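2 protein chains.
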Amino acid sequence: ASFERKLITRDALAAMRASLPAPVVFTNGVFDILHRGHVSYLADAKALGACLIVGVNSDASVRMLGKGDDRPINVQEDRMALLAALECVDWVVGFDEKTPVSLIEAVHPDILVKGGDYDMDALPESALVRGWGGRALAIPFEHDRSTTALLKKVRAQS
Amino acid sequence: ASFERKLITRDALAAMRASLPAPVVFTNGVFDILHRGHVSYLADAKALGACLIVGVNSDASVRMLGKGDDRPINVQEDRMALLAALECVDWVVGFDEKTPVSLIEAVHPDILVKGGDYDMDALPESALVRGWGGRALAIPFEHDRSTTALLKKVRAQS
């Protein structure tokens with residue numbers, strides 16, 4: 003229950019914003035079932051900055067899109083709790099709207115990241131963040147990294 | 003990528019054992035699809051000691067027991083990576099034998115913990131761990147309903 007210290011409300015995160023370590027990194031998603039691409043990317047996003055905030059679609063909100071799952075099999079509190087259990091995540095915030103734009107406006111990240119192959123120029127939130135001089139970028143889900151090759155290289159040795 | 007520092011082989015962990023913070027806590031499982039009960043359980047296991055090590059059954063190992071489904075949805079390295087990403091987990095080791103008995107022999111944990119109401123006296127590793135002055139105990143673990151589980155597996159497959 004200790005990782006639950008990361009679950010926070012938009013209002014509380016807004017009050018705390020000024021005291022967060024720069025650069026503040028933001029990402030959002032449904033995160034219905036965590037897989038390795040999710041955590042690999044959650045870790046790299048953390049590595050870009052000093053602080054990582056994850057926005058999580060409410061159950062109603064998730065119902066707003068036809069892209070992914072209309073109805074997530076895990077309730078928003080459970081999806082958020084899993085994220086909070088992660089070493090690389092600092093803060094987990096839910097949002098109800100269909101897009102994370104007003105959440106992002108409130109949070110004011112220095113860096114916005116998306117996991118997957120997504121044209122960042124087609125995203126409203128990219129424009130929002132770049133609008134005040136921040137950065138927006140897509141981090142691929144599974145890519146061959148130097149840190150991976152190395153650590154496992156280490157594994158064979160045994 | 004940083005989290006992968008936790009994936010290690012039995013031999014290297016055994017050599018490193020003496021310098022780990024005592025008491026060393028051990029638990030093992032398949033951990034196919036993580037849910038909130040898993041992470042709640044792993045945090046409670048961590049709170050029992052100063053260091054947490056997770057034994058992860060190999061695909062092959064999973065084929066030999068009647069727990070859950072005969073086959074897993076995620077390969078061993080993905081299941082181990084998911085666990086290693088958890089804040090509360092310190093070391094993730096994969097074993098190939100039917101049970102974790104030999105691994106526990108090599109690791110020498112000071113505390114063996116299982117989730118659920120399980121007669122610990124019926125486990126060989128309990129006697130083993132108690133035999134060298136360690137502890138073995140069960141702590142409550144919340145399982146997800148079979149339906150949700152079946153829906154989860156399906157989702158994974160998709």
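As you go down the protein sequences, you meet chains A and B in turn. Quick note: the first sequence, position 140, residue 142 per the deposited numbering, numbers continuous. Quick note: the second sequence, position 23, residue 25 per the deposited numbering, numbers continuous. The beta carbon of each residue, even a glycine, is placed where N, CA and C say it ideally should be.
Can you list the residues of chain C that A/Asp80 reaches, using a CB-CB cut of under 9 Å?
The chain labelled as chain C is not found among the protein chains of the depicted structure, namely A and B.
For B/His145, tell me which candidate among B/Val94, B/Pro102, B/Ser42, B/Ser104 has the shortest Cα-Cα distance.
The residue you call residue 145 of chain B lines up with position 143 of the second sequence. Nearest of B/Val94, B/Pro102, B/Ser42, B/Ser104 to B/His145, Cα basis: B/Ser42.
By the three-class DSSP mapping on this structure, what secondary structure does B/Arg73 have?
Numbered from 1 along the second sequence, position 71 holds the residue referred to as residue 73 of chain B. Looking at B/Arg73 - three-state DSSP - the assignment turns out to be coil, as it is neither helix nor strand.
When the Cα of A/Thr29 is compared with those of A/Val103, A/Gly135, A/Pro23, which residue comes out closest?
What you label residue 29 of chain A is simply residue 27 of the first sequence in a count that begins at 1. Measuring from the Cα of A/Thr29, the nearest candidate turns out to be A/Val103.
At what residues does the beta strand (DSSP E) containing A/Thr11 begin and finish?
Looking up residue 11 of chain A in the first sequence gives position 9. Here A/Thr11 belongs to no beta strand (DSSP E), and DSSP marks it neither H nor E.
Could you check whether B/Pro111 and B/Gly133 sit closer than 8 Å to each other, using their CB atoms as the reference points?
On the second sequence, residue 133 of chain B is found 131 positions in, with the first residue counted as 1. On the second sequence, residue 111 of chain B is found 109 positions in, with the first residue counted as 1. It is not a contact, given that the beta carbons lie outside the stated cut-off.
Let me check one thing: in DSSP terms, what residues is B/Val115 bridge-paired to?
One-based indexing of the second sequence puts residue 115 of chain B at position 113. Beta-bridge pairing links B/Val115 to B/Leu139.
Kindly give me the distance between the Cβ atoms of A/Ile35 and A/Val95, rounded to whole angstroms, as I take these residues to be in contact under 8 Å.
As a working note, residue 35 of chain A is residue 33 in the first sequence. As a working note, residue 95 of chain A is residue 93 in the first sequence. The Cβ separation is near 20 Å, so there is no contact.
Could you pull out every residue in the same chain whose Cβ sits closer than 6 Å to the Cβ of B/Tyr120, ignoring the five residues on either side in sequence?
Within the second sequence, numbered from 1, the residue matching residue 120 of chain B stands at position 118. Cβ within range, chain order: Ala140.
For B/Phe5, would you say it is in contact with chain A, using Cβ-to-Cβ distances shorter than 8 Å as the test?
Working through the second sequence from its first residue, we reach residue 5 of chain B at position 3. It does; some Cβ of chain A falls within 8 Å.
Measure the Cβ-Cβ separation of A/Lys116 and A/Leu67 and say whether it is below 8 Å.
Position 114 of the first sequence holds residue 116 of chain A. Position 65 of the first sequence holds residue 67 of chain A. No; because the gap between Cβ atoms is not below 8 Å, this pair is not in contact.
Determine the DSSP secondary structure at residue 161 of chain A, reduced to helix, strand or coil.
Residue 161 of chain A lies beyond the residue range present for chain A, which begins at 3 and ends at 160; the question has no answer from this structure.
What is the DSSP secondary structure of B/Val91, reduced to helix, strand or coil?
As a position in the second sequence, residue 91 of chain B is number 89, starting the count at 1. B/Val91: coil per DSSP, three-state reduction.
Measuring only between beta-carbons, confirm whether A/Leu139 sits less than 8 Å from chain B.
Here residue 139 of chain A refers to the residue found at position 137 of the first sequence. By this cut-off, A/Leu139 is not an interface position.
Could you list the residues in the stretch 83 to 105 of chain A with a C-beta less than 8 Å from some C-beta on chain B, going in chain order?
So the close ones are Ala83, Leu84, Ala87, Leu88, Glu89, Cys90.
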